[PDB]
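Novice:
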Ligand SMILES: *[C@@H]1O[C@H](CO)[C@@H](O)[C@H](O)[C@H]1NC(C)=O
Ligand SMILES: *[C@@H]1O[C@H](CO)[C@@H](O)[C@H](O)[C@H]1NC(C)=O
Ligand SMILES: *[C@@H]1O[C@H](CO)[C@@H](O)[C@H](O)[C@H]1NC(C)=O
Ligand SMILES: *[C@@H]1O[C@H](CO)[C@@H](O)[C@H](O)[C@H]1NC(C)=O
Ligand SMILES: *[C@@H]1O[C@H](CO)[C@@H](O)[C@H](O)[C@H]1NC(C)=O
Ligand SMILES: *[C@@H]1O[C@H](CO)[C@@H](O)[C@H](O)[C@H]1NC(C)=O
Ligand SMILES: [Ca+2]
Ligand SMILES: [Ca+2]
Ligand SMILES: [Cl-]
Ligand SMILES: [Zn+2]
Ligand SMILES: [Zn+2]
Ligand SMILES: [Zn+2]
Ligand SMILES: [Zn+2]
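Printed below as a string of structure tokens:
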């Protein structure tokens, strides 16, 4: 099986920086691509930033592109997501979304293996 | 024998024009060169203008470049020497000189077959 | 002793083993693995029975990416945050993950730079497309990044047109509308191109110059090399190819003007807008290229093997082919490489039993062909003074299998007859043709558009190792291979062309499971070389040249007649060309009659006649060459300048007539047309007179 | 059947009769008399026994004076009275006054105009004279008429230098210090130049182009001719030659600066000043040209005769020579034309007796040679594709007598040995050597400066019909003729060169009273052609080429070593050239060893070796050619650009090194020197590998 263990949560006031790192354990397929989904407490589910095994990435939240960055290492089978100058509206639950195809999409339906999730609170 | 028959004698007043035409008879040689020698009553002998069988001409008296001109024709085997704007000092005797070599020279010694002579009295 | 024994000695299992041997590690030109493969080829050819095998070496300018600094195209916002990054590499094929020295996709000889600007879709980057943008669509590509799609032209012409338009950088990509056969799964479970697959290839415009730094002379050790700023045909803007999985992300935000026509539109789910920059939401966002690839002089090695001729050792019949690859070359070129290896093995096992060819056979495993035909061109430059007097014919052997449908032959008209005869003797591997000759299957599957009952034989163009031998030296050439159904698939090349997925499993499963098509191509090339280097009288026929010359003259005459008022005004006439063609026809008829009636026993007279046949092809070579292309000297078949790879014969007149209605001075252009007509007519008449009575 | 019969068949009386025939009416190229002479030559060669005779014809641009408006130079005062007029024509030689169509002296291809200016004496109008003129004498030619003296350079270079200096016009004249042998009476009673005698000749700078309007292709009927403004090597200023009788009148008034050195001073009674204009007395007087000569495309005819080869009919041995003249051509070229006619007659009588050469012999009476080698060049252009594959050797036959002292041979090193052997078999016509071989007299009279006991053989330059065959096609050539004492005479050519006084009586009385020297030259050329076209193995030796190659390499190396600090700074090296020469020496030694031991019975191997010897010479040909001179392609022996007609071998490197200390950018010049060294070394190595083992 594949488990997307999520970690790095916290509650830091506005202007802080959080690190959301997650590994990819048990992934048998040679090719992978996964995305960091953010769901607000009162809104729907939207993508934020995705990365692929081909060392290609994108941030879908163009409005807050400077605040959010994505990186990965295949040696650790791990991916990190970095906050800059957090703001109160960033308080949301963050999920992992991994899939076979080495593409980057904003659709949550294309992803079958989903992460545990992580609460992020900004005051 | 070679004879240089002269003509064109005339005592025309100042500003007149004369044609001194001379014919060469009995010339056995293929080439020739002929010259017009003017001698003043009170001066020495000097060359005025010469022409060659190669249709080459020269005017020795540079001061009289426009006044005096030379033109030969071998069809009639003769040469014509034209006056322009005659002046009193032009009163002199004119001789025809002929020589083997077809060069043009102002030396009277090179020429051997000498003409009859012609008096010109510009008044 | 007999060609039948040679053809029966070739085996498909040996082809399979050689392909497996050559398609397991990367063999990029200028690397250590290419040198090791060259050494292996030398040793195996020596063991096979070749008289002498040598490793010719040269120092040519190649291009490599910076392994420390990979290339990638990015999208930057107002603050340059690089919101979107392209793929750094394509996923390795299964079973090849542990393999190292897999170079990332890159356009060879691309300069460096960090250009920024907006994006303009230019369809296939053809001249007609740019004409549509500037004359009709009112688009100025200058200062903007140009993105095009692979197909219908050479990459070099794409980059050259983008340069003339004034663009900052070029992005090439493979659309699914041109490299994705319908109903076919991608490479891991089929033979179609996945999203990560990227086509590689050089972007040079050398015009048959070989080494960019040594135009006209071989790159030996005591060589003088010009400055790169003064080098020949070097691109001046960065170029980097991607897959459609990333071009979709590049073009989804694209906005501005609508596409000119559905022809411009491809298969990706994007608006395919042409307008510079993105839409209103992302107008501020721009595209920044990151190219740091470098150029360096490195050593390449060609392998040259000799089989001395028993009767006429000075006449060389050459079986060429190149060994360099991009990643693994499961098809390009190791299919042809394995075919050449097995042909050499069969020749050697016939030689070991006392047989010797009548004429010398030179086998050649070239190198650095994917970098501008460098190895073969430099070798030909070094040995030009020998090949011009001793080169009977050249047989190119590049990738053998392009599809499992039918044969495809591109050769000079002097070989057509031979091409037919051998094909009648061989067997057809195709279905529905068991116990049938290859001739009838080839004819039915590929009928000649003009004649009936004769198979279609296309022209000899450029872009491979035959180019230096044919377009400059003037040596009769020929290529044969298997390809796709011409009239149905309607996509260029094959989906995995010049890709990391061009592995051995692809050939073994989806292109030739039993290697019968490789076996048939090997039989075709081997029998062709055998009859070429072994026949008493050279199997050349000049009547075919006369017929095709008349056809080409008629075609160019019609293209000119398209402007009757201009030709009437400037008195442009084609009577000289037609008279030359007619005289060529008559003289060829008389020479063929003399060939039918002559004493073959006398060796001197036979040498005379075969020399005439040999130098017929060389007579078409123009010493001065085509304008601005001194290294293209074939008057009849040289590549065109503007519409190359789709151009017509008589390239001089065709190029002169091209876009002649747009010239500022019509009189000068039509005078140039008359000059090219004069040159062509004189060349045809001279090549005819070479077949006249010998004093 | 034997060469001895052919040599004994030549007769001096036949030479006398033919020379009398060809030297009674003017035979200027493009006229009716030249056409009648060509017809007579064709008929007589057909009667002699030639297998075929034809009149090839071309339409080339010639230049003729206006018969209504003669050209002349005048001296005009302030009012332009034209006080002094030059001679309109030379006095006709005795016995030729009634002869018509005697064209007046003129410089062919001179443009029109009425330029006015001051005279500037430029000595021989060489580059060195213009340097001493410009960088020493502080005197500018621009806007001034320049008068120069014939000698030490070709007229074309004179006019080119005058154009570069910016002069309005050129006046060429012949000084008695260079064309009046002391103690010798003028033509009517001797063989010296009279005062009216004028030398003719073209002033073109075609650099082997041929027809000015058709560079690279023959001028047939269906030819496209470029505009005259776009013509190749057309002079842009009027040029008119005069005799010293008129230059004496031109230079007597000359004033200004004194001559720089006694070298500039001639033999005329003239101060030989250089200062622009005349003495202050005649400073106002100026010099006005009157040139109205026109250019027109007229038809020229070359007579081509063919004697088919018995064993190897495709191998052409060519005996060239031109028929056009200026006035009568008593020596140039009818002296060699009669020899050619008698050689043809002897060959024909041998053919009628039953003999046939082993190789085909092509005789050629060229045309329009005095107009830029037009006829031979155009014919070679038309038949280049044949001669490049079939041309064994070429034997030029221009004016055969230049003086009654000793023989003189200019040939490729491949013929040296043959020459010697033939010269050993013949007899010496010279006094003091009766009953002795011509070899020993030639050696004693003309010893080689570098050897002992071997006669001096000079290089093959340019300026005659061999030029197109040797310097572009690369066919082995040779010239032999009788000349003057190389040391004692010290004057250029002969006094009546290209003059109206070059009549038959001159040759009959003052150059060859008994035609024994003409007979000896005919024997030399005929035996040379006989041994060339009749020997089983081609009489060519490559060791001589190796030796002369080493000598030339040493000479160019010393010329380069003249700048050791520059070569050290830019790392200029000659090791490649020396290694190439050494490899050529070794390979030539081994090839000669194979030649000494091989079965001559086998026709195919003998053809192999003969083809190798044949193509050794063509191996030196550079397809791209020398810079700015695409039609000079001989790497070793091509004419130089700056110091032509006195230049050194390896013209590329020599031209690159010439005046290299005056270049603005030394690095670029030394890089060009390195490039030429690389080209020369590669060419030598390739020509060596041509003689290597054939596979
Ligand atoms: C793109 O690459 C640059 C440089 O490697 C890096 O700084 C940036 O974070 C990357 N962005 C994404 C979205 O991968
Ligand atoms: C020189 O020739 C011109 C033109 O023919 C003529 O007018 C002039 O008189 C001549 N001068 C002399 C001195 O012959
Ligand atoms: C690759 O890029 C790095 C970045 O600084 C540079 O140091 C290195 O020299 C480059 N490699 C080359 C140019 O081969
Ligand atoms: C092989 O042939 C089959 C049957 O025609 C065809 O469906 C398949 O596409 C072919 N494979 C190729 C051309 O790679
Ligand atoms: C020669 O000059 C006369 C002078 O007017 C001219 O009429 C004639 O056409 C000229 N001849 C030519 C140019 O052939
Ligand atoms: C012919 O020879 C004699 C004697 O050597 C010599 O005086 C004379 O000048 C020669 N004639 C020529 C070279 O025309
Ligand atoms: Ca090269
Ligand atoms: Ca020409
Ligand atoms: Cl191929
Ligand atoms: Zn290939
Ligand atoms: Zn390829
Ligand atoms: Zn001559
Ligand atoms: Zn001459």
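Protein chains in written order, with the numbering used here: chain A, 1224 to 1346; chain B, 1224 to 1346; chain C, 17 to 711; chain D, 17 to 711.
Note that CB positions come from ideal geometry on N, CA and C, so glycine has one too.
For the 8 Å Cβ check, are there 3 or more pairs between the region 506-519 of chain C and the region 194-213 of chain C?
Specialist: Verdict: yes, contact present.
Novice: In terms of DSSP beta bridges, what is residue 708 (chain C) paired with?
Specialist: Residue 708 (chain C) pairs with nothing; no bridge assigned.
Novice: Please go through the region 84-165 of chain D and give each complete beta strand (DSSP E) segment of 3 or more residues, from N-terminal end onward.
Specialist: The qualifying runs are 88-92, 135-137, 161-165.
Novice: Could you tell me which of D:214, D:604, D:173, D:625 sits nearest to residue 220 (chain D), measuring between CA atoms?
Specialist: Nearest of D:214, D:604, D:173, D:625 to residue 220 (chain D), Cα basis: D:173.
Novice: Which whole-angstrom value is the C-beta distance of residue 163 (chain C) and residue 180 (chain C), which I expect to be below 8 Å?
Specialist: Actually they do not touch by this definition, with Cβ atoms about 17 Å apart.
Novice: Does any CB atom of chain D fall closer than 7 Å to the CB of residue 1280 (chain B)?
Specialist: Chain D, which has a Cβ nearer than 7 Å to the Cβ of residue 1280 (chain B), makes this yes.
Novice: Which residue's Cα is closest to the Cα of residue 556 (chain D): D:434, D:276, D:69, D:63?
Specialist: The candidate whose alpha carbon is nearest that of residue 556 (chain D) is D:434.
Novice: Counting only the same chain and skipping the five closest in sequence on each side, list residues whose C-beta sits under 6 Å from that of residue 324 (chain C).
Specialist: So the list reads 67, 376, once near-sequence residues are dropped.
Novice: Give every residue whose Cβ lies closer than 5 Å to any heavy atom of ligand 12, listed in chain order.
Specialist: Those residues, listed in chain order, are D:348, D:349, D:414.
Novice: Within this structure, are the beta carbons of residue 548 (chain D) and residue 326 (chain D) separated by less than 7 Å?
Specialist: Result no, Cβ atoms of residue 548 (chain D) and residue 326 (chain D) do not sit closer than 7 Å.
Novice: Output needed in chain order: residues of the region 1285-1315 of chain B with a Cβ under 7 Å from some Cβ in chain G.
Specialist: You won't find chain G in this structure, because its protein chains are A, B, C and D.
Novice: Of all the CB atoms in chain C, is at least one closer than 7 Å to the CB of residue 1256 (chain A)?
Specialist: No, residue 1256 (chain A) lies away from the interface with chain C (no Cβ there is under 7 Å from its Cβ).
Novice: Does DSSP classify residue 1258 (chain A) as helix, strand or coil?
Specialist: Strand, per DSSP.
Novice: If you drop the 5 nearest sequence neighbours on each side, which residues of the same chain put their C-beta closer than 8 Å to that of residue 576 (chain D)?
Specialist: Excluding sequence neighbours, residue 576 (chain D) sits near 583, 588, 590, 669, 673, 689.
Novice: Please list the segments of the beta strand (DSSP E) lying wholly inside the region 1256-1308 of chain A, counting only runs of 3 or more residues, in order along the chain.
Specialist: Runs found: 1256-1262, 1268-1275, 1280-1282, 1291-1296, 1301-1306.
Novice: For residue 1310 (chain A), count neighbouring C-beta atoms within 10 Å of its own C-beta (all shown protein chains included) and say buried if the count is 16 or more, exposed if not.
Specialist: Under this definition residue 1310 (chain A) is an exposed residue.
Novice: Using three-state DSSP, classify residue 468 (chain D) as helix, strand or coil.
Specialist: Residue 468 (chain D) falls in the coil class under three-state DSSP.
Novice: In chain D, which residues lie less than 7 Å from residue 1344 (chain B) when you measure between Cβ atoms?
Specialist: Going along chain D, no residue has its Cβ under 7 Å from residue 1344 (chain B), so there is no contact; the nearest lies around 26 Å.
Novice: Answer yes if the region 68-85 of chain C comes into contact with the region 306-321 of chain C, meaning at least three C-beta pairs across the two stretches below 8 Å, and no otherwise.
Specialist: With a cut-off of 8 Å, the region 68-85 of chain C and the region 306-321 of chain C count as touching, because enough Cβ pairs lie within range.
Novice: Rounded to the nearest angstrom, what separates residue 415 (chain C) and residue 652 (chain C) at their Cα positions?
Specialist: Each residue's Cα considered, the two are about 26 Å apart.
Novice: Would you list the residues sitting across from residue 322 (chain C) in a DSSP beta bridge?
Specialist: Paired residues: C:68, C:378.
Novice: Excluding the 5 residues preceding and the 5 following residue 1279 (chain A) in the sequence, name in chain order all residues of the same chain whose CB lies nearer than 6 Å to its CB.
Specialist: Excluding residues within five positions, none has a Cβ falling inside 6 Å.
Novice: Checking 7 Å against the spacing of the C-beta atoms, do residue 489 (chain D) and residue 554 (chain D) come in under that value?
Specialist: Cβ atoms of residue 489 (chain D) and residue 554 (chain D): not closer than 7 Å.
Novice: Listed in chain order, which residues are found with a beta carbon closer than 7 Å to a heavy atom of ligand 6?
Specialist: Per the Cβ criterion, the list is D:200, D:207, D:419, D:420, D:421, D:500, D:526, D:527.
Novice: Classify residue 602 (chain C): buried if its beta carbon has 16 or more other beta carbons within 10 angstroms, exposed otherwise.
Specialist: With fewer than 16 Cβ atoms within 10 Å of its Cβ, residue 602 (chain C) is classed as exposed.
Novice: Using only the heavy atoms of ligand 5, determine whether one of them is closer than 6 Å to the beta carbon of residue 659 (chain C).
Specialist: Result no, Cβ not under 6 Å from ligand 5.
Novice: Which class does residue 330 (chain C) belong to by DSSP, given the choice of helix, strand or coil?
Specialist: Of the three classes helix, strand and coil, the one that applies to residue 330 (chain C) here is strand, per DSSP.
Novice: Closer than 7 Å by C-beta to residue 614 (chain C): which residues in its own chain qualify, once you throw out the five before and the five after it? Chain order, please.
Specialist: Result list for residue 614 (chain C): 621, 625, in chain order.
Novice: Taking Cβ-Cβ distances below 8 Å as the criterion, which residues of the region 233-263 of chain D are in contact with chain C?
Specialist: Against chain C - using a Cβ distance shorter than 8 Å - the residues of the region 233-263 of chain D are 233, 234, 236, 238, 239, 240.
Novice: Could you give the C-beta distance for residue 381 (chain D) and residue 44 (chain D), rounded to a whole number, given that I count them as a contact under 8 Å?
Specialist: Rounded, the Cβ-Cβ distance is 15 Å, inconsistent with contact.
Novice: Under 6 Å: does the beta carbon of residue 98 (chain C) sit that close to some heavy atom of ligand 1?
Specialist: Correct: residue 98 (chain C) has its Cβ closer than 6 Å to ligand 1.
Novice: Under 7 Å between the Cβ atoms of residue 634 (chain C) and residue 641 (chain C)?
Specialist: Taking 7 Å as the Cβ cut-off, residue 634 (chain C) and residue 641 (chain C) do not qualify as a contacting pair.
Novice: Would you tell me roughly how many angstroms separate the C-alpha atoms of residue 137 (chain D) and residue 1275 (chain B), rounded to the nearest one?
Specialist: Those two C-alpha atoms are separated by around 26 Å.
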